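So you can see what is in the structure, the chains are spelled out below.
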Amino acid sequence: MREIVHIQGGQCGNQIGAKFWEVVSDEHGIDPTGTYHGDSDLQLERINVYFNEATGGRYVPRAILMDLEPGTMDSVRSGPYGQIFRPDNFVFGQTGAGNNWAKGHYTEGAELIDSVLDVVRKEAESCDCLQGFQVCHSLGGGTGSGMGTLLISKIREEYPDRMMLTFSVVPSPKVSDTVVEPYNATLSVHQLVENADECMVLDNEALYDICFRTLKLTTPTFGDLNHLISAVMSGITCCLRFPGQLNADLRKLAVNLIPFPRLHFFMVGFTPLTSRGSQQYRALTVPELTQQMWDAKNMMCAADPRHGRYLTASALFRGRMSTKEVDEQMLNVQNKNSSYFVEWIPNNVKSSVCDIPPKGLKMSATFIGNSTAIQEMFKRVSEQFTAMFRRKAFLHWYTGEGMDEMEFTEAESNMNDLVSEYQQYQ
Amino acid sequence: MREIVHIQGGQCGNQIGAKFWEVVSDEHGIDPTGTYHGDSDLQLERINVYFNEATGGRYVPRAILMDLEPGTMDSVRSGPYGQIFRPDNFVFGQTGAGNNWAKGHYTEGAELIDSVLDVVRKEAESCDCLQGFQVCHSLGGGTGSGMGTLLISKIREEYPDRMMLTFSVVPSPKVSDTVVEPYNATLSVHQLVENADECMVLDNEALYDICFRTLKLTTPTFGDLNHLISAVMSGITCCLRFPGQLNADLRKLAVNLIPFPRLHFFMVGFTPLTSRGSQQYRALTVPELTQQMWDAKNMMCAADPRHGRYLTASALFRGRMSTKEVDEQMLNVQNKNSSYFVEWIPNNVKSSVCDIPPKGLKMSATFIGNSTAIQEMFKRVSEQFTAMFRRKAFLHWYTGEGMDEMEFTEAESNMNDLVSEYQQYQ
Amino acid sequence: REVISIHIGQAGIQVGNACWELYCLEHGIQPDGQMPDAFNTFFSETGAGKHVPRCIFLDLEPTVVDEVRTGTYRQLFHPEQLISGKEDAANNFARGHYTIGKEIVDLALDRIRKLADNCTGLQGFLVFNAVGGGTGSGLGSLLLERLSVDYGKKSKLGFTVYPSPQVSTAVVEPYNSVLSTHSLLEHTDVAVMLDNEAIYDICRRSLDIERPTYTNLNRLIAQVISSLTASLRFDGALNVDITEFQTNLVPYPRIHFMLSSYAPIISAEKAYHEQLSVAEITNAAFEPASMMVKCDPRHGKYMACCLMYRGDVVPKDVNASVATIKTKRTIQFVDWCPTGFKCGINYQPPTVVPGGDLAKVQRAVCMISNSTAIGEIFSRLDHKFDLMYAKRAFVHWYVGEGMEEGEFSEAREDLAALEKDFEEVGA
Amino acid sequence: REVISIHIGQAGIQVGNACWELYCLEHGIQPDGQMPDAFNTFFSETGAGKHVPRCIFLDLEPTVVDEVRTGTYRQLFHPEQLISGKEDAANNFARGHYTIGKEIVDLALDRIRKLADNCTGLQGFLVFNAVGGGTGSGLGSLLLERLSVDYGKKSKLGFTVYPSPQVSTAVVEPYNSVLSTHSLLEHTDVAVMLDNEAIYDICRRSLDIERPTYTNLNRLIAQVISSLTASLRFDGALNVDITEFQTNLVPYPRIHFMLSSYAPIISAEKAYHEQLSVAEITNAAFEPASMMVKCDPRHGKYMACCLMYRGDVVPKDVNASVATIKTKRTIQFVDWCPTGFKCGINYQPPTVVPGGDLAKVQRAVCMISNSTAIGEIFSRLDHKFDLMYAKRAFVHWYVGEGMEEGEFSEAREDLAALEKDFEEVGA
Amino acid sequence: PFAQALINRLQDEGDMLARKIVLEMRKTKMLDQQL
Amino acid sequence: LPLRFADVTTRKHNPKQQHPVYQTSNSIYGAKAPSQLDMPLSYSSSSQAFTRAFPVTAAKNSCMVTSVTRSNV
Amino acid sequence: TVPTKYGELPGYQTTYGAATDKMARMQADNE
Amino acid sequence: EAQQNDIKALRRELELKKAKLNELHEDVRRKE
Amino acid sequence: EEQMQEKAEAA
Ligand SMILES: Nc1nc2c(ncn2[C@@H]2O[C@H](COP(=O)(O)OP(=O)(O)OP(=O)(O)O)[C@@H](O)[C@H]2O)c(=O)[nH]1
Ligand SMILES: Nc1nc2c(ncn2[C@@H]2O[C@H](COP(=O)(O)OP(=O)(O)OP(=O)(O)O)[C@@H](O)[C@H]2O)c(=O)[nH]1
Ligand SMILES: Nc1nc2c(ncn2[C@@H]2O[C@H](COP(=O)(O)OP(=O)(O)O)[C@@H](O)[C@H]2O)c(=O)[nH]1
Ligand SMILES: Nc1nc2c(ncn2[C@@H]2O[C@H](COP(=O)(O)OP(=O)(O)O)[C@@H](O)[C@H]2O)c(=O)[nH]1
Ligand SMILES: [Mg+2]
Ligand SMILES: [Mg+2]
């Protein structure tokens, strides 16, 4: 019925997508060779949303992996659940962008985007009732951000009526992996604000802090971080894949969380995340999940939301639960800390319940908050962008490829008016 | 229903509470692994006061450990019944105050007490109807005295409408661990008289005497002393956990025992405590219990009550008995030794009976006496305090940290005005 | 993804002699040429059971090329790529750029041209040369010039040997250094420099080898080079490619000069001594006790940094470590660059060479950064340049070849203009 | 929780030579440094299967240092923790304070810096030195000064060997002792006196060795340190940390001089002679036949006393013992404190080193007290100081180095003001 | 630089929140009479 | 008792050997073999595993109060 | 893995089935 | 770093005040 | 340890 096609860009997008299709495959009970061996046929009734049957129950993911460097593809095919992708979908360049948005948006896109557009089109009309697209990429790197950005623009120009998710990782000064982070991030969101329907902002710092405090894990490799983000993404799409008492589709959450067309950036949190030694000592109730949801040290962004106001929020619950308890918990958290929410919108919380929990858990919850604390992050980026732009440092690598100065100025302008309207509604 | 949270500060409080939870769990039949293994169903209906059910018969104690040196925590988790506490409740510093009340109240308190206040706040809200708080700590140490002191002040500031006990061992000249014992004691009493509802003064000297005469122990290590103190504490709180012919809760005890808001230091006794050799030659009657109760040598303080007058007293009995026999026993003991009771207060004895004895005996008793003889102990410490403050010995480690002399002078004035009003009512 | 490596002048080929040695020992390749996929970036498979490197040694004297031809790596280094001349330029930019360059450079360019035709996914070029000599300077720049007019848009990593201020083996070497940099300004996209005294100080202090030979020197240099090419050769948790150093480490089209450093340089017993972890090597990669370039970065202000991690390393603590550095104030950044780091992580640890003095580590860090420290070094070089230029020293040799004073004065004015840019970027 | 141990001087490293041995033989570690959590306070585990002490030896003569390097503990101490100079100060305070200190203590302080950085729960420091020499006096004070400007607030336990009045090996020892005490009065937070005669009387009478050497002395001193550090190394029934001597033992910011003693000092056959209990060692802790410092506490009055117990020690009997001590009148306390006792109990009794003359006891007591006896010792040393100062003996070597009589004069006025302070609190 | 203006913004916000606290305390102090 | 304390034979002690004529006093220290009898009887060690498992000592308080009111009626 | 209970699977219990358990049981009994 | 410390204290103070405000508002609603 | 043994063999 409703269909979600997947897009992965860049190194981070590939590794994130790899873990994503790992957990989804484990959720639907399909083996790493591509055959179903699960238990409940409740898994079968909604595998078409993510899979197409090839020959004798060979379900392949409806995904498109795309980057510019083969080492990422090798790391994809190395691990398990790497032999289930259709090798045609590995559309793939050869030269490499190398943390250059101009290379990822004008040079390499000119010979890769018609190819990925061919593949995504064939993948689009292959299914009947498209629900939307799901993108996993970055904003600091070159081949993920720029190529994905131009791809998003082309897609939104072809299919204006379908939905669109974008999971984009943003950088921080504390964890600054590359140098041109603001040069790329500013331009990326400057395109996202007019192209994407909504964006779920991520980062690594919040993940490190979460594994510091809540998980008490020793060495958090990228796999566990991608494992968390993957658990988030399975949670956000649980409503379509399983029956429930109150189902909230993708468009349904978007219309409940987006009151204004340019206010479509969310922060995300996932519960429950507890250390293994302390996993035994806890009860498993809705208040137990609620105390962890509304903890500000549990968001997946470097924007402590109690420095601002929640415009709207949404909770996606999985597991057999009392809807009464669900709602009165939402009413209580909304009545006590009433200054943390916006005033001119009553009932700022959209809730939904699905009956099937993620595997291995009794009762889980995915939180999506559209708060105005994200303007702290954007200002935290724009000041770095202006600090660099005043001195025109590292700018010749961009202007020597086809980009000019006015694109940077309009990125500054859109950055500034966005944070101005965020500050306004605060 | 009625809720008691427990706090253990410093090394003394931690080891005593460790034996405390052991005796509690044994009375409720909980094994060291944390599952119910008792026989009678009288124990199941009254464990919400001290425990929380996590997952399938696994009960976690409602306690908070607080200290500054990990050796205590290791000694807690190493012993039996150690693997039951919730690791969240091990809020715990790293440096160590070390017999310095200024470090215990100004240096590490500012960065440890907010945190423990939050843990307590979370556990205060996890339960429904607060009855009171129960703190156990020493008065000679630093990490127990100042920490618990400031914690008591904060808690009484936040929740002023709940009961509060603190079991505090006071120093003796013959049994003296550290040298700044008066320096800690007089400041702690100065705060506890203004914040704590009532305390139960203890001392190692009387306990050592008890283990020599009545118990006839050869090597009474700290384990047996804590066993006595814990047995006393269970005797205090048996009324909430068990039915009886005449129930008496914590607030019922305080109102019956405190005539004036500054007269709230009680001396405690427990009965029966007989040698293992003569356990066979005795009888088990209420007069047998009573003659062992009202003995001066059976008191757990180094203050001879026949050197003063009893203001009020209470007796908590456990086991099947005759209330008439109890009452006539209290009338006779109040008529025979009539000079030792105050004159302008009739009926100086409160009595209560529960029909559930402690495990291993047939009938037990717990004596709580608010007598005036405790002024001898306060004189005994205040004269040592003035002996140091007359020429300012050992003062500079407290002066150089922020504390000034006027606090000491306040401590002196408060100690002297209380002992004066003890003498006044005598 | 492929890169080829060319070695100009005497110095570059001993760098390569240790470099390819380290590569075949890393990929398990016996010196006869065969093992008993990762080699693809460096080695092409001739027929079956044979691998040849995408490399050319090229010199003007035949004796040291013949040393490579008759050493242990006779069968590995294939007997035609090893280009050799007939007579040396003898520490002369003009005789290396104009006299014999017109005969050697064409043979070299159409040699690497067909090497590129054998290649498919060439990422870029990397050069090993010394600018203090005549062979590395003259035709090396001529090659660089003809590579720029041949391809241009492809990256050229110049791992040159810059001379030490106090210790020097030549006399006309500041002439050769200035006259090579003048073209290296607009030829190299990314030029990484290696002083030698700094390597002497490192092996003296840390490696505590009281008698260091140039072999150990080149062993450490090759260790640097392998640590920066490991991202291409083996997959890590976060990889970096050769194209990124233009965008991450070069803020201005003429300020492309990088401080190189490595850590931990630790002897065998000292690895037994110390427990190596991320924080101390993250610190160790910042003091001048571990730099390959003799300069004090405390006097300078870093423009950008690059940190390569190899081995048992997770990103958590390296992000904690760089956080501590960014909140530390003993090392200061420029105000135009708030995010001044480019980190990367590869899984495979650096290997050991028998006969070398290094022990294997659980993790190592390779730092390549840009600062104004070089802004001082180029003024120190221009000063000693002007001391002998004021009295017309050794200029008649250039005139006897056919050179004039015009490019000497132009090089003087260009290097002065780079100095004003260094000050303007320092503020 | 960790405490590190620093050793300056020939006496310092020789006692530490005994300490760390006794330590590894306490925790069952072979001298190579590998096991075939209690070590965490002293030993950090590099990788796995090798433990390095939190310690540093440093001296001026290379003989005993290299003798340790070539001894049996080659592998235990890692080959850079042993700092060694070139030539001795030759019993000269100024030569150890100004000439060679400016070269050695900086390397020492940035070494101890990274030692503290490698450490996690640093509780405090403890230093081993003898004030009679020139090495342990000069740069030890300087090191203590620079550590005070570095940390200051952290406790710095100084276990310094004081010279005996009658037993003397050198002549300038009163000079070096007073000139060291000038700075130890302001730098050391808790200092512990140690004579050698009192220990000589101990080994003469109780240990009944008629030919004693420094080995048995250093061994028992090490056992004193082990006994006072066992509360942190192992769990006890009633433990006290290194910051307890901070509060319990020092009543005034300059009266920090504590009398040390250890019992029961018992030979092999005397264990057959004697039934060990608690009351007799509580007594034997006070008689001057068992003290480590030659004085007569009958003429002094105690300020505060501390009693460390190791082994099968219940608290009832130590309580009865201190009761009997407080009701007795053979010893008198000062009127400033009614409760002058600090007890501390640990479960682990001390072990035996093979080759020693001390038998394995079920319990031991380490008594550290404060009295005015040391107030009499300081006047005894100042009498010998003024006897040689009045004729201007050995002043010319200090002036030849560059010092004057001003520091000598203020040192004499400070010790006199210190004598006034002891007697003041004695009244 | 930018922290200098941010601290001003946060100071003004804290003062405004105290101003709100005043009115809310007045509101509850008025309602306790009406009860 | 840990194994290394229970058995000495398992801990190999090799003393640097010295010429008999040629024997400094500082070599006396670590040249002597331990024995089962020198081994202590109980090794009451202290396991810091549970404390090391705890995170950095810098904690926090970041939540929104969400207690259902439970007035005592 | 997931072991089977006498009635159903642990992890998977939809609300519709939870509502119709008794009707399904009565139908099975009548069959 | 100084302004950083000032910020990390001022934010905490503001947060405590905001929590007090929330408490007062909830009490007002209940009493109404 | 193998490296140290190689050192000893070289010496
Ligand atoms: N680190 C290192 N540097 C070297 C080595 N060999 C030469 N150099 C450097 O090269 C500089 C001199 O140039 P050479 O490499 O000897 O010879 P050239 O560059 O080909 O120039 P010509 O001497 O004219 O042939 C010296 O200043 C050295 O710093 C080496 O093996 N290791
Ligand atoms: N108990 C004891 N004391 C020692 C030992 N070795 C040295 N001393 C003390 O050290 C004092 C003399 O100083 P030394 O340690 O010999 O040498 P130094 O302190 O380094 O000073 P210089 O000889 O000038 O370098 C003597 O008075 C001894 O009391 C020892 O092994 N045991
Ligand atoms: N969670 C996660 N983040 C990643 C991973 N790889 C890279 N990133 C993030 O992506 C950013 C750099 O992306 P990059 O690899 O340069 O993107 P690309 O070069 O365009 O493919 C860094 O800030 C990383 O934090 C990964 O495996 N997991
Ligand atoms: N009953 C009992 N009392 C103890 C124990 N340990 C210490 N104390 C008492 O605690 C007092 C000193 O308190 P201290 O241990 O310093 O507390 P802290 O340092 O604040 O944790 C002394 O008077 C001892 O009598 C114990 O295990 N049992
Ligand atoms: Mg040459
Ligand atoms: Mg000496």
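Use the structure listed above.
Residues numbered from 1 in each chain as written, not as in the entry; some residues may be left out. Chains lettered and ligands numbered in written order. Part of a larger assembly, values for the part shown. Heavy atoms only, no water.

(A) Region of the structure containing the overall build of chain G. When you go through chain G residue by residue, the secondary structure sums to one helix and zero strands. Principal-axis analysis of the C-alpha atoms places the extent of chain G at approximately 35 × 20 × 10 Å. Split by element, the accessible area of chain G, about 2800 Å² in all, is 53% carbon and sulfur. (Helix = DSSP H or I, 4+ residues; strand = E, 2+ residues; numbered from the N terminus. Areas by Shrake-Rupley, 256 points an atom, 1.4 Å probe, with all protein chains shown as cover.)

(B) Structural detail: the site of ligand 4. Not every one of the 15 residues close to ligand 4 is listed here, only the nearest: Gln11(B), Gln15(B), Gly144(B), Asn204(B) and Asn226(B). What surrounds ligand 4 is not a single chain but chains B and D. At 2.7 Å, a backbone N or O of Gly144(B) approaches an oxygen atom of ligand 4. Contacts to ligand 4 include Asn226(B), whose side-chain N or O atom sits 3.0 Å from a nitrogen atom. Its free accessible area being 570 Å², ligand 4 has 93% of it covered by the protein chains. Elements that contribute at least two residues to the shell around ligand 4 include exactly α1 (10-27) and α8 (222-241) of chain B. Sort the elements by how many residues they give to the shell around ligand 4 and α1(B) lands first, with four residues. When the residues that make up the shell around ligand 4 are grouped by side-chain class, the tally is three nonpolar, 11 polar and one charged. (Near = heavy atom within 4 Å. Polar contact = N/O pair within 3.5 Å; in protein donor to acceptor, adjacent residues only side chain to side chain. Nonpolar A, V, L, I, M, F, W, Y, C, P; charged D, E, K, R; others polar.)

(C) Seen up close, the site of ligand 2. Residues and elements named next belong to chain D. Around ligand 2, the surrounding shell holds 15 residues, and the nearest of these are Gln 14, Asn 91, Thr 135, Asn 196 and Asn 218. One nitrogen or oxygen atom from the side chain of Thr 135 is found 2.7 Å from an oxygen atom belonging to ligand 2. In the environment of ligand 2, an oxygen atom lies 2.8 Å from a nitrogen or oxygen atom belonging to the side chain of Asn 196. Burial of ligand 2 by the protein chains amounts to 84% of its free accessible area of 620 Å². If you list the elements that add at least two residues to the shell around ligand 2, you get α1 (10-24) and α8 (214-233). By residue number, the principal contributor to the shell around ligand 2 is α1, which donates three residues. A class-by-class count of the residues in the shell around ligand 2 yields four nonpolar, nine polar and two charged.

(D) Local environment of empty space enclosed by the protein. In this structure, the largest cavity encloses a volume near 830 Å³. Around the largest cavity sit 46 residues that line it, and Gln11(A), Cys12(A), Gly141(A), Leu238(C) and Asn239(C) are the ones nearest its centre. Of all elements in the fold, only α1 (10-28), α2 (70-78), α7 (205-215) and α8 (222-236) of chain A together with α8 (214-233) of chain C reach the threshold of two or more residues within the lining of the largest cavity. For the lining of the largest cavity, the element with the highest residue contribution is α1(A), accounting for five residues. Of the residues in the lining of the largest cavity, the class split is 16 nonpolar, 21 polar and nine charged. Considered as a void within the structure, the second largest cavity measures approximately 300 Å³ in volume. (1 Å grid on protein atoms, 1.4 Å probe; cavity = no way out; pocket = protein on both sides within 12 Å on 5 of 7 lines; lining within 4 Å. Points joined across faces, edges and corners; volume = space filled by probe spheres on them.)

(E) View of helix α6 (residues 173-187) of chain C. All names here are of chain C. With 15 residues, α6 extends 20 Å between its outermost C-alpha atoms, agreeing within 8% with the 21 Å of an ideal straight helix rising 1.5 Å per residue. Its maximal kink placed at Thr 181, α6 deviates by approximately 25°. Among the 15 residues in α6, 14 count as buried, and that is most of the element. (Expected span 1.5 Å × (residues − 1). Bend = angle between axes of the 7 residues up to and from the residue. Buried < 20%, exposed > 50% of the residue type's maximum accessible area, 1.4 Å probe, protein only.)

(F) Representation of the interface of chain A and chain C in the model. Contacts between the two partners involve 39 residues from chain A, matched on the other side by 36 residues from chain C. A buried area of about 3500 Å², summed over both sides, lies between chain A and chain C, and 56% of it is on carbon and sulfur atoms. On the chain A side of the interface with chain C, the three residues burying the most area are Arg391(A), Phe394(A) and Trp397(A), jointly 21% of the side's total. The interface formed by chain A and chain C holds 14 residue pairs in polar contact in total. Taken together, the elements giving at least two residues each to the side of chain A that touches chain C come down to α1, α2, α6 (181-195), α7, α13 (374-389) and α14 (396-399) of chain A. At three residues, α13(A) tops the list of elements feeding residues into the side of chain A that touches chain C. Grouping the amino acids of the side of chain A that touches chain C by side-chain chemistry returns 16 nonpolar, 16 polar and seven charged. (Contact = heavy atoms within 4.5 Å. Buried area = accessible area lost by both parts, 1.4 Å probe.)

(G) Broad picture of the sheet that holds strand β9 (residues 310-318) of chain B. Residues and elements named next belong to chain B. Here we have nine strands laid out as an open sheet, ordered β4-β1-β5-β6-β7-β8-β11-β9-β10, and mixed in their pairing. With one partner strand each, in any of the chains shown, β4 (63-66) and β10 (349-354) form the two edges of the open sheet. If you compare each strand with its neighbour and ignore which way they point, the axes differ by 20° on average. Direction of pairing for strand β6 (residues 163-169) relative to strand β7 (residues 198-202): parallel, over a ladder of five bridges. When the bridges of β7 are listed, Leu 165 appears paired with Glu 198. Lying over the sheet, helix α11 (residues 323-336) contacts β9 and β10, oriented at roughly 160° with respect to β10. (Pairing = 2+ DSSP bridges. Axes fitted to C-alpha atoms, helices over the stretch in contact; angles between N-to-C directions.)

(H) Molecular detail of the environment of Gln83(B). Residue placement: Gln83(B) occurs in the loop between α2 (70-78) and α3 (101-107). C-alpha of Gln83(B) to C-alpha of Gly34(B): the two residues are 49 residues apart in sequence and 8.2 Å apart in space.

(I) Representation of the interface of chain I and chain C in the model. At the interface, four residues of chain I touch seven residues of chain C. Taking both partners together, chain I and chain C bury about 340 Å²; carbon and sulfur atoms supply 45% of that area. For the pair chain I and chain C, the number of links is one salt bridge. Between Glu269(C) and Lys7(I) there is a salt bridge whose closest N-O contact spans 2.4 Å. In terms of residue class, the side of chain I that touches chain C is made up of one nonpolar, one polar and two charged. (Salt bridge = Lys/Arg side-chain N within 4 Å of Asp/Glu carboxyl O.)

(J) Here's a closer look at unusual backbone geometry. With an omega dihedral of -5°, the bond running from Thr271(A) to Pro272(A) counts as a cis peptide bond. Note that the residue after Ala263(D), namely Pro264(D), is joined by a cis bond; omega there is 0°. Assignment of secondary structure puts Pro264(D) in the loop between β9 (259-263) and α10 (268-273). Residue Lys216(B) is not a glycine yet carries a positive backbone phi of 55°. With respect to the helices and strands, the residue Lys216(B) is situated in the loop between α7 (204-213) and α8. Judged by its relative accessible area of 57%, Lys216(B) falls in the exposed class. Positive phi, close to 40°, is recorded for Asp208(C), a residue that is not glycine. Take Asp208(C): it is sitting in the loop between α7 (197-205) and α8.

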